[PDB]
Amino acid sequence: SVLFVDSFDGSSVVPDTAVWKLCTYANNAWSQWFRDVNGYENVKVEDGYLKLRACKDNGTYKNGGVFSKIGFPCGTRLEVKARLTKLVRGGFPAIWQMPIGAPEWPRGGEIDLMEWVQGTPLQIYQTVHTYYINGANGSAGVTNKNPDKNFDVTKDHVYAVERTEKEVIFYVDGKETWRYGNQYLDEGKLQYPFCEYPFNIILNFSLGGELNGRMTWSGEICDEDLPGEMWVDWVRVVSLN
Ligand SMILES: CC(=O)N[C@H]1[C@H](O[C@@H]2[C@@H](O)[C@H](O)O[C@H](CO)[C@@H]2O)O[C@H](CO)[C@@H](O[C@@H]2O[C@H](CO)[C@H](O)[C@H](O)[C@H]2O)[C@@H]1O
């Protein structure tokens, strides 16, 4: 019941400009190293994978990411099949959704199908962020309390979420990993906003490191290990029947 799908096996060498835009500078951890990325230099399509890359070109760090113009409502499931080429110390690869036309983050929500941090190398993080949860100034999220801690991010896996009016469910290789639930409170507390906007698709490989001279989460960057790609074999959204 297939709503949208990219298997990156097109005529073309870069993800279809109809659907996909490139991530851009922002004074936060993931977005920092977008500033000064010359066009599509960290993003290509090649034997059927979207290949997102992180390098340090001449002194200065470069992230590789795109996101969808288009969003999707509740009653969908998102599926992203991806590996990392290698564990990169300071890597910060991300498969996530984000709301289009939401009041300022986090109010309208954020959903993370996969993120990776050098600190817990044998584990990924499936995480949900709201206003209710974080604060505004907070950005901790709520991750699987009881996750998989012998995981190999460098094999292909299929990262995945369901959004219903009722709740957000995460999967990995098609096993449920855990869920966050609408509690149906005073809609004011913005406890569960994940259906009030459409949520998009954001694929990136960012470098972490220092930020305004305070170290971020993905921790210290090791140049030795650069570059590193994340390959998205494909991306699929499915209405539920
Ligand atoms: C703490 C932080 O960096 N927050 C930004 C947010 O976050 C990410 C994490 O919370 C999560 O783990 O997923 C990825 C993994 O790489 C991020 O690190 O991302 C949003 C959207 O880009 C940010 O927001 C935007 O900020 C700008 C101002 O710079 C703008 O004002 C806009 O309203 C807001 O959406 C977080 O800063």
# chains A, B, ... in the order shown; residues from 1 in each chain; ligands from 1

call {"tool": "residues_around", "arguments": {"residues": "residue A:107", "least_positions_apart": "3", "cutoff": "10 Å", "atoms": "only C-alpha atoms", "output": "ChimeraX atom specification"}}
result
/A:99,102-104,110,129-136,189-194

call {"tool": "write_last_selection", "arguments": {"atoms": "N, CA, C and O atoms", "output": "short mmCIF file (atom, residue, chain, number, x, y, z; two decimals), in the first residue's frame"}}
result
data_model
loop_
_atom_site.label_atom_id
_atom_site.label_comp_id
_atom_site.auth_asym_id
_atom_site.auth_seq_id
_atom_site.Cartn_x
_atom_site.Cartn_y
_atom_site.Cartn_z
N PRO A 99 8.89 17.62 11.59
CA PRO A 99 7.63 18.16 11.09
C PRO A 99 7.74 19.42 10.21
O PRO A 99 8.42 20.35 10.56
N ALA A 102 5.77 23.19 11.64
CA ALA A 102 5.66 23.04 13.12
C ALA A 102 6.12 24.33 13.80
O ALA A 102 7.05 24.97 13.33
N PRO A 103 5.54 24.75 14.94
CA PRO A 103 6.13 25.86 15.68
C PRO A 103 7.54 25.37 16.07
O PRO A 103 7.78 24.24 15.85
N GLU A 104 8.42 26.25 16.56
CA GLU A 104 9.90 26.05 16.63
C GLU A 104 10.22 24.76 17.36
O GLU A 104 9.48 24.42 18.27
N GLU A 110 9.99 15.45 16.90
CA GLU A 110 11.15 14.91 16.12
C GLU A 110 11.18 13.41 16.34
O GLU A 110 10.99 13.05 17.48
N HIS A 129 11.58 13.09 20.46
CA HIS A 129 11.80 14.41 21.12
C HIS A 129 10.51 15.23 21.04
O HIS A 129 9.95 15.31 19.95
N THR A 130 10.07 15.82 22.14
CA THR A 130 8.88 16.72 22.15
C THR A 130 9.20 17.92 23.01
O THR A 130 10.28 17.93 23.61
N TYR A 131 8.26 18.86 23.11
CA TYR A 131 8.35 19.96 24.10
C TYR A 131 8.15 19.43 25.52
O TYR A 131 8.85 19.88 26.45
N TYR A 132 7.13 18.58 25.68
CA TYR A 132 6.71 17.96 26.96
C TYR A 132 7.96 17.36 27.58
O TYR A 132 8.33 17.73 28.67
N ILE A 133 8.62 16.51 26.82
CA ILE A 133 9.74 15.65 27.28
C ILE A 133 10.91 16.54 27.67
O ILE A 133 11.19 16.64 28.85
N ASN A 134 11.51 17.20 26.68
CA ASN A 134 12.89 17.76 26.66
C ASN A 134 12.99 18.98 27.63
O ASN A 134 14.04 19.15 28.31
N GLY A 135 11.93 19.79 27.72
CA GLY A 135 12.03 21.25 27.90
C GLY A 135 12.04 21.91 26.53
O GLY A 135 11.62 21.23 25.57
N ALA A 136 12.46 23.17 26.42
CA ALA A 136 12.87 23.81 25.14
C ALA A 136 14.40 23.68 25.01
O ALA A 136 14.87 23.16 23.95
N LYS A 189 0.02 20.83 26.36
CA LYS A 189 1.32 20.39 26.91
C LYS A 189 2.16 19.84 25.76
O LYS A 189 3.34 19.62 25.99
N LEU A 190 1.55 19.61 24.60
CA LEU A 190 2.24 19.25 23.32
C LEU A 190 3.00 17.95 23.53
O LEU A 190 4.14 17.86 22.98
N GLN A 191 2.37 17.04 24.28
CA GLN A 191 2.94 15.76 24.80
C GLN A 191 3.22 14.76 23.67
O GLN A 191 4.20 13.98 23.82
N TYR A 192 2.36 14.79 22.64
CA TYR A 192 2.26 13.87 21.49
C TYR A 192 1.80 14.62 20.24
O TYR A 192 0.66 14.49 19.83
N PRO A 193 2.68 15.39 19.54
CA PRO A 193 2.26 16.28 18.44
C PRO A 193 2.41 15.69 17.04
O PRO A 193 2.32 16.41 16.06
N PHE A 194 2.67 14.40 17.00
CA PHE A 194 3.33 13.71 15.86
C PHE A 194 2.36 13.48 14.72
O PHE A 194 2.76 12.75 13.77
#

call {"tool": "residues_around", "arguments": {"residues": "residue A:206", "least_positions_apart": "2", "cutoff": "12 Å", "atoms": "only C-alpha atoms", "output": "number ranges by chain"}}
result
A: 23-25, 28-35, 37, 42-43, 52-56, 61-66, 88-95, 115-117, 202-204, 208-209, 216-219, 221, 226-230

call {"tool": "write_last_selection", "arguments": {"atoms": "N, CA and C atoms", "output": "compact mmCIF listing (two decimals), in the first residue's frame"}}
result
# COMPACT_ATOMS: atom_id res chain seq x y z
N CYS A 23 20.80 19.23 3.14
CA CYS A 23 20.80 19.85 4.50
C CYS A 23 21.66 21.12 4.47
N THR A 24 21.49 22.02 5.43
CA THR A 24 22.10 23.37 5.36
C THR A 24 22.58 23.83 6.73
N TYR A 25 23.37 24.92 6.75
CA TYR A 25 24.12 25.33 7.96
C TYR A 25 23.07 25.58 9.02
N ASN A 28 23.88 24.31 15.35
CA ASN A 28 23.72 23.15 16.27
C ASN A 28 24.73 22.09 15.86
N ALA A 29 24.67 20.89 16.44
CA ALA A 29 25.72 19.83 16.40
C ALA A 29 25.81 19.12 15.05
N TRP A 30 24.66 18.60 14.63
CA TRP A 30 24.49 17.90 13.33
C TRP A 30 24.68 18.86 12.15
N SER A 31 24.02 20.02 12.19
CA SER A 31 23.94 21.02 11.09
C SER A 31 25.22 21.88 10.93
N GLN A 32 26.22 21.76 11.80
CA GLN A 32 27.29 22.78 11.93
C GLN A 32 28.15 22.80 10.68
N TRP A 33 28.37 21.61 10.17
CA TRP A 33 29.49 21.31 9.25
C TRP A 33 28.93 21.17 7.83
N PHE A 34 27.66 21.58 7.69
CA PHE A 34 26.99 21.87 6.40
C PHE A 34 27.52 23.17 5.81
N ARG A 35 27.49 24.27 6.55
CA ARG A 35 28.17 25.51 6.11
C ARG A 35 29.42 25.11 5.31
N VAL A 37 29.70 23.32 2.52
CA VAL A 37 29.59 22.14 1.63
C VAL A 37 29.23 22.65 0.25
N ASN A 42 29.21 15.80 -1.11
CA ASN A 42 29.22 14.73 -0.09
C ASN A 42 28.00 13.80 -0.31
N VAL A 43 27.27 14.00 -1.40
CA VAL A 43 26.00 13.27 -1.68
C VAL A 43 26.05 12.80 -3.13
N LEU A 52 25.99 9.04 1.41
CA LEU A 52 26.17 10.31 2.15
C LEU A 52 27.51 10.27 2.85
N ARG A 53 28.30 11.30 2.67
CA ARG A 53 29.72 11.23 3.04
C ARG A 53 30.10 12.34 4.00
N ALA A 54 31.07 12.03 4.86
CA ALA A 54 31.72 12.97 5.79
C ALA A 54 33.23 12.93 5.58
N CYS A 55 33.85 14.08 5.33
CA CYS A 55 35.29 14.23 5.03
C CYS A 55 35.74 15.46 5.78
N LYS A 56 37.04 15.74 5.76
CA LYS A 56 37.57 17.08 6.11
C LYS A 56 38.32 17.55 4.87
N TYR A 61 35.55 20.78 8.03
CA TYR A 61 34.79 19.52 8.10
C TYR A 61 33.58 19.63 7.17
N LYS A 62 33.20 18.55 6.51
CA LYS A 62 32.03 18.58 5.60
C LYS A 62 31.12 17.39 5.89
N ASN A 63 29.84 17.67 6.19
CA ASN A 63 28.69 16.74 6.40
C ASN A 63 28.07 16.39 5.04
N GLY A 64 27.46 15.21 4.92
CA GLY A 64 26.62 14.83 3.76
C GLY A 64 25.17 14.49 4.15
N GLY A 65 24.20 15.26 3.70
CA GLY A 65 22.82 14.97 4.09
C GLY A 65 21.86 15.44 3.03
N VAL A 66 20.71 14.77 2.91
CA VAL A 66 19.50 15.38 2.30
C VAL A 66 18.29 15.21 3.20
N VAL A 88 33.14 5.51 12.34
CA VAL A 88 34.03 6.71 12.32
C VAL A 88 33.98 7.44 13.65
N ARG A 89 35.13 7.56 14.31
CA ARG A 89 35.20 8.23 15.63
C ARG A 89 34.94 9.73 15.39
N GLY A 90 33.71 10.15 15.73
CA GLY A 90 33.22 11.54 15.59
C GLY A 90 32.09 11.57 14.59
N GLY A 91 31.90 10.45 13.93
CA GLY A 91 30.71 10.24 13.11
C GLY A 91 29.45 10.43 13.92
N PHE A 92 28.37 10.75 13.20
CA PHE A 92 27.05 11.12 13.74
C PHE A 92 26.00 10.98 12.65
N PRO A 93 25.86 9.74 12.15
CA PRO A 93 24.89 9.41 11.12
C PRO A 93 23.50 9.24 11.75
N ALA A 94 22.50 9.59 10.95
CA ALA A 94 21.15 9.92 11.40
C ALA A 94 20.14 9.51 10.34
N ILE A 95 19.11 8.77 10.76
CA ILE A 95 17.88 8.57 9.94
C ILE A 95 16.71 9.05 10.79
N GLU A 115 20.38 6.62 15.08
CA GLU A 115 21.57 7.48 15.20
C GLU A 115 22.63 6.64 15.86
N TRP A 116 23.87 7.05 15.64
CA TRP A 116 25.07 6.30 16.08
C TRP A 116 26.05 7.26 16.69
N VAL A 117 26.75 6.80 17.72
CA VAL A 117 27.71 7.62 18.51
C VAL A 117 28.83 6.65 18.86
N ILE A 202 14.89 12.61 6.55
CA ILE A 202 16.20 13.28 6.64
C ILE A 202 17.24 12.19 6.82
N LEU A 203 18.19 12.17 5.89
CA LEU A 203 19.26 11.16 5.84
C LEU A 203 20.56 11.95 5.93
N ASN A 204 21.38 11.74 6.94
CA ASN A 204 22.70 12.41 6.90
C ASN A 204 23.74 11.58 7.61
N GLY A 208 30.76 15.51 14.33
CA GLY A 208 30.28 16.05 15.61
C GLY A 208 31.19 17.12 16.13
N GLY A 209 32.03 16.67 17.06
CA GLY A 209 33.22 17.36 17.59
C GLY A 209 32.86 18.44 18.56
N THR A 216 30.29 17.97 21.74
CA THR A 216 28.93 17.41 21.52
C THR A 216 28.96 15.92 21.86
N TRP A 217 27.94 15.20 21.41
CA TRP A 217 27.53 13.87 21.92
C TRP A 217 28.34 12.77 21.20
N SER A 218 28.40 12.92 19.89
CA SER A 218 29.18 12.05 18.98
C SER A 218 30.67 12.12 19.33
N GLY A 219 31.00 13.08 20.19
CA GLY A 219 32.32 13.19 20.81
C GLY A 219 33.37 13.64 19.82
N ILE A 221 36.36 14.13 17.18
CA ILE A 221 36.59 13.65 15.79
C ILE A 221 38.02 13.15 15.68
N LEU A 226 38.55 9.36 8.82
CA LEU A 226 37.83 10.00 7.69
C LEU A 226 38.46 9.59 6.35
N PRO A 227 37.68 9.49 5.25
CA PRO A 227 36.25 9.77 5.27
C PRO A 227 35.42 8.57 5.76
N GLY A 228 34.10 8.76 5.81
CA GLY A 228 33.08 7.73 6.08
C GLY A 228 31.79 8.04 5.32
N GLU A 229 31.25 7.03 4.65
CA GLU A 229 29.95 7.17 3.97
C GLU A 229 28.89 6.41 4.80
N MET A 230 27.63 6.83 4.71
CA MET A 230 26.42 6.01 5.01
C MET A 230 25.69 5.78 3.69

call {"tool": "closest_residue", "arguments": {"among": "A:87, A:232, A:111, A:168", "to": "ligand 1", "atoms": "only C-alpha atoms and all ligand atoms"}}
result
A:111

call {"tool": "closest_residue", "arguments": {"among": "A:199, A:20, A:125, A:72", "to": "ligand 1", "atoms": "only C-alpha atoms and all ligand atoms"}}
result
A:125

call {"tool": "select_by_dssp", "arguments": {"residues": "stretch 82-210 of chain A", "states": "strand (DSSP E or B)", "output": "ChimeraX atom specification"}}
result
/A:82-84,91-97,99,110-116,124,127-129,142-143,157-163,167-172,175-181,199,202-207,210

call {"tool": "write_last_selection", "arguments": {"atoms": "C-alpha atoms", "output": "compact mmCIF listing (two decimals), in the first residue's frame"}}
result
# COMPACT_ATOMS: atom_id res chain seq x y z
CA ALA A 82 21.23 1.46 5.33
CA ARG A 83 24.77 0.59 6.46
CA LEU A 84 27.78 2.68 7.47
CA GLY A 91 30.71 10.24 13.11
CA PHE A 92 27.05 11.12 13.74
CA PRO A 93 24.89 9.41 11.12
CA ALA A 94 21.15 9.92 11.40
CA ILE A 95 17.88 8.57 9.94
CA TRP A 96 15.03 10.74 11.18
CA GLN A 97 11.76 12.51 10.48
CA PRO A 99 7.63 18.16 11.09
CA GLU A 110 11.15 14.91 16.12
CA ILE A 111 11.44 11.10 15.48
CA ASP A 112 14.83 9.30 15.14
CA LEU A 113 14.82 5.92 13.25
CA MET A 114 18.62 5.53 13.83
CA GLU A 115 21.57 7.48 15.20
CA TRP A 116 25.07 6.30 16.08
CA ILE A 124 22.22 2.56 17.61
CA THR A 127 14.63 8.29 20.00
CA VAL A 128 11.58 10.61 20.21
CA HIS A 129 11.80 14.41 21.12
CA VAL A 142 13.34 9.40 25.14
CA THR A 143 15.30 6.45 23.65
CA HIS A 157 19.84 -3.06 8.44
CA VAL A 158 16.20 -1.76 7.90
CA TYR A 159 15.43 1.06 10.41
CA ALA A 160 11.61 1.78 10.70
CA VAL A 161 8.74 3.73 12.60
CA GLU A 162 4.93 3.62 12.71
CA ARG A 163 3.02 6.83 13.56
CA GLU A 167 1.45 6.17 18.93
CA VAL A 168 5.04 5.92 17.57
CA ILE A 169 6.52 2.36 17.18
CA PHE A 170 10.21 1.70 16.28
CA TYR A 171 11.61 -1.41 14.50
CA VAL A 172 15.00 -2.76 13.40
CA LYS A 175 11.37 -6.57 15.01
CA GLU A 176 9.55 -4.02 17.22
CA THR A 177 12.25 -2.30 19.35
CA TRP A 178 9.87 -0.16 21.59
CA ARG A 179 7.05 2.51 21.38
CA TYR A 180 6.11 6.00 22.72
CA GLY A 181 2.35 6.50 23.29
CA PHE A 199 6.85 14.44 8.97
CA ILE A 202 16.20 13.28 6.64
CA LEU A 203 19.26 11.16 5.84
CA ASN A 204 22.70 12.41 6.90
CA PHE A 205 26.24 11.59 7.98
CA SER A 206 27.44 14.55 10.12
CA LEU A 207 30.71 15.04 11.98
CA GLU A 210 33.52 20.64 19.46

call {"tool": "atom_distance", "arguments": {"atom1": "atom 11 (C, counted along the ligand's line) of ligand 1", "atom2": "atom CA of residue A:224"}}
result
25.5 Å

call {"tool": "residues_around", "arguments": {"residues": "residue A:3", "least_positions_apart": "6", "cutoff": "12 Å", "atoms": "only C-alpha atoms", "output": "MDAnalysis selection string"}}
result
chainID A and resid 70:79 235:240

call {"tool": "write_last_selection", "arguments": {"atoms": "C-alpha atoms", "output": "compact mmCIF listing (two decimals), in the first residue's frame"}}
result
# COMPACT_ATOMS: atom_id res chain seq x y z
CA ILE A 70 7.43 16.29 0.94
CA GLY A 71 6.05 15.02 4.26
CA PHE A 72 3.67 12.22 5.33
CA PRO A 73 0.72 12.00 7.68
CA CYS A 74 0.07 9.52 10.54
CA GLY A 75 -1.02 5.97 9.48
CA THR A 76 2.26 5.47 7.58
CA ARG A 77 5.39 3.35 8.29
CA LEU A 78 8.89 4.55 7.18
CA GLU A 79 11.54 2.01 6.12
CA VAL A 235 13.57 4.46 1.50
CA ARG A 236 9.88 3.38 1.50
CA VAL A 237 6.71 4.85 3.15
CA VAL A 238 3.56 2.65 3.41
CA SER A 239 -0.01 3.57 4.35
CA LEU A 240 -1.49 0.91 6.80

call {"tool": "select_by_dssp", "arguments": {"residues": "stretch 4-241 of chain A", "states": "alpha helix (DSSP H)", "output": "number ranges by chain"}}
result
A: 131-134

call {"tool": "closest_residue", "arguments": {"among": "A:122, A:222, A:215, A:98", "to": "ligand 1", "atoms": "only C-alpha atoms and all ligand atoms"}}
result
A:98

call {"tool": "closest_residue", "arguments": {"among": "A:197, A:14, A:60, A:27", "to": "residue A:44", "atoms": "only C-alpha atoms"}}
result
A:14

call {"tool": "closest_residue", "arguments": {"among": "A:123, A:182, A:7, A:12", "to": "residue A:153", "atoms": "only C-alpha atoms"}}
result
A:123
